[PDB]
Every structure is written in C-alpha cells, then in structure tokens.
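Next up: just one chain, as structure tokens, the form deposited in one PDB entry.
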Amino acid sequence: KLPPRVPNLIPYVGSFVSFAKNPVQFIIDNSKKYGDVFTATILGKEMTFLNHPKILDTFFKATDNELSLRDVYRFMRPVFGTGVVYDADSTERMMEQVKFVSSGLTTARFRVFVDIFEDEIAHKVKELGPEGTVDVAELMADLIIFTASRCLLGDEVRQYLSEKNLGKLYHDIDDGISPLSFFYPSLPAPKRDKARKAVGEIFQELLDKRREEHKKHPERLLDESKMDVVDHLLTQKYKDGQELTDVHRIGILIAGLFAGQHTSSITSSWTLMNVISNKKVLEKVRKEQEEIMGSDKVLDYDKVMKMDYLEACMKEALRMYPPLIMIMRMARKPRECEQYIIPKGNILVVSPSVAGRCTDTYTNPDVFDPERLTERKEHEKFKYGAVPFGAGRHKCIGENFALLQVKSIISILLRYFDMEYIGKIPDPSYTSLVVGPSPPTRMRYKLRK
C-alpha cells in the first residue's frame, strides 16, 4: 500500500537535482502530479511528503515511538552542543531541556520584555538618525540579537554584545548550514567550531557570574519578573537525577537563543515589508496603533496584547513565507496515511510553505491579505490549514514570545518612522537553515512629525 513514487532520474541521488533547485516548488509540482502524499528518494533517504491539510492528522497526532523527531537529526554533528536538543539521550530528556527555555517565557517576564524592546529600539533610532535607507533583514537581525539575548539571558549579556563581539561569533554558529546540508554527509566546519567555542566561553562566564549573583541576592529566585533561562538552568534538574552539566547549560542557551532570533527576525522583515507596501494594510495598522496608544508615548504588555490586526499581518507573513519550510519525523514503524502505509525508516515531511499556498484552504494565496484571517477565517476551515508554528506534541513553545517580540518591534518602528520599501517584495531564498527573503531588502525611513 505504498504512496505513489516520484520516478528516480538516477539511482541513490533519486530526485535530489530537482529538489535542490527549489525544495518548495519540488513538493508543489509533485503534489499536483502524484496527489496528497508521495515518496521520493533523495541522496539515499526515502522522503514521504504530506501535502494536504485534510491528511496531516496522522503526522501531528503521532507519539514519539511512532513518528520520531530525535531520529531525523540524532546522527547530526551537534550544531548546539553534545547531549542537548536532537543530540539528547532521549525525547523525554529533550522535553526537559525545552522546559528550561519555556520556563523563561512567563507573563511576568513578557511585561519586562516590552520594556527591553523599547530600550533596544531607542539605542538603534540614535544610530539611524532622522532619515536614511536601511537593510530591513539586517535591522531586524541586529535588533532581535539584542532583545532576544536580554529577554532569555538577562541584562548581563548586553556588555558581551556591545564590547566582546558575541554577535559576530553567534552569526557563525549557523555557518555553512543550508536546507540541503541535511542530505550531504558530515563535512568539516572549523568556522562553526570556532563560533560555538567562542560563544561557549562567553556563556560559561554568564553562568559563573549568575552563580555569584544568586549567593549575594538569593531573593532573585522569588522574583518571577527577574527569573530568566540562565536562572532556570542553574536551579532546575533532570527527573532521572543525572547531572545537568555546564556543557548542557551552554548548548541549551545557544539553542534557545538561535530559536528566539532567526525565525523572529525573518518574520519581522516579511511583515513590515508587506505592511508598508500596501496602502489599506498600512492605514488599518496605524489606525489600530493610534486607538491602542491613546495619549501614552511607550508600549506596555496590555497594549501589544490588543494589536489583533498587526497580529494577523504577522500570521499572513507566516502563511506566505514560513521561515521553517519543512517539518520532519522518522517513521519508527509503518505509518497509516489514508489508503497508504508509509514504510518504517521513511522520513515524513510537512511543509508550512506548501500549506500556505493550498487553494483548498486559501483564496488567491499569492496575495498578502490579512482580512483572509480576521474577516474570512480561512485559517479555521481545516484543523491543520495553518501550521507555521507546527502542531501536536512538538508545537513551537516560542509562539507567544515571537508574536510579542515581532508585534512590539513593528509597533515601535511605526511610532518613530514613516517607512517605504525600495523595489519589488522578493522571493524566499532556500540557501539557509532558517529561510528569509532574497538578500537585497532596503527601505527608506524618516522620523515622524
């Protein structure tokens, strides 16, 4: 009962050549040809693609012993660190590591995060001056490396970003990893090794400093508005009693910071580009902002939580340009999928990119149209019609933080600046792990009157 196959052009390499040109177009073309589920061989991996919202239950509902996240990347050279994330000894242990991070994402902390957004943009606004042009993707990456770093690690990290080039070494954690790195065998990567070592030494020092801060001010552990992911990694332990090492704490922090940064900076870029390019969307965004802000001058938590239309704009950006283009699981046993059984050892693939352009879900899906959500509720037609943050067990735990961070940053930029996008909104570039717009993305800005 095998799903239909994409015919191998060559043995072993299989469909890799057309997949490598464009992974999203590959899944779109082969969906049209072969239906809601199909298999391709790609450099010796059996890849089974699930393409229609009506059949995604069997992917998202599975237990870790049926469809395995850990198995997809457990033989990967650890980008984050040994024994953390997909290198952890178990899925249960990975979920304890996820909890160390999610512990830092409370309402009490979200209230402080808004203050941190205002502070970082106020520094940035001074650099930008009264008017100019700025790369949108670079602006958003540079803002969120400061905001995400402070929100998750606390304000002691800032000195290392301003003075010790934590930013530079962080940008290389990623180095040479494209969405095709998964299929090529293990190469060397000394640049990445130098990055992780460098970030590791900075994170070791933050841990050492925070231990001394705990001894001087233990009442910190009672303050939900101060407790960050560093505090949680120093205070929490594994269920099974095995030691949480500083090696683990550093890898989990790098992995937390990577998650908290790339996806937010890219989504922020797409959302602002599309908002400022559409007269009616910009009108309603600024009307919402004007209503929420009243005669107040700065954001707080309750204001951001009201910004429903700016939230739809970001979810519309997430529909059209999801920064994670494939969600993958390893079949540890045969998986039923409609009339088919997907074989043991196949990797199942769900693509937010393909989900976002599904005409069964969304009308005129190449048009940025936030009202498709607020008015027509197109995201609600299917349970799995919108999956930019995934679903089930491994759903993003960062969703509310990402919404808070991107909505705040865009609200505050619109408060300071009139902004115009230079040229055509580009296509996504499928050349990085977290995919964002084709590089040249410039906008004009001018201080508002």
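We number the residues from 1 along the sequence you see. The term rigid core refers to the maximal set of C-alpha atoms that superpose within 1.5 Å between the two forms.
Keep in mind that the form deposited in another entry is missing from the display, and what follows is about it.
A.B. asks: Would you mind telling me which residue of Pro179, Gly83, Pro352, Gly104 shifts its Cα by 2 Å or more between the shown form and the other one when the core is superposed?
C.D. replies: So the residue whose C-alpha moves 2 Å or more is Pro179.
A.B. asks: Take the rigid core as the frame of reference and indicate whether the C-alpha of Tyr73 shifts by 2 Å or more between the shown form and the other one.
C.D. replies: Yes, the C-alpha moves 2 Å or more.
A.B. asks: So that I can tell if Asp366 moves, could you say whether its C-alpha shifts by at least 2 Å between the shown form and the other one after the core superposition?
C.D. replies: No, its C-alpha moves less than 2 Å.
A.B. asks: Aligning on the rigid core, do we see the C-alpha of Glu243 shift 2 angstroms or more between the shown form and the other one?
C.D. replies: Superposed on the core, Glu243 moves its C-alpha 2 Å or more between the shown form and the other one.
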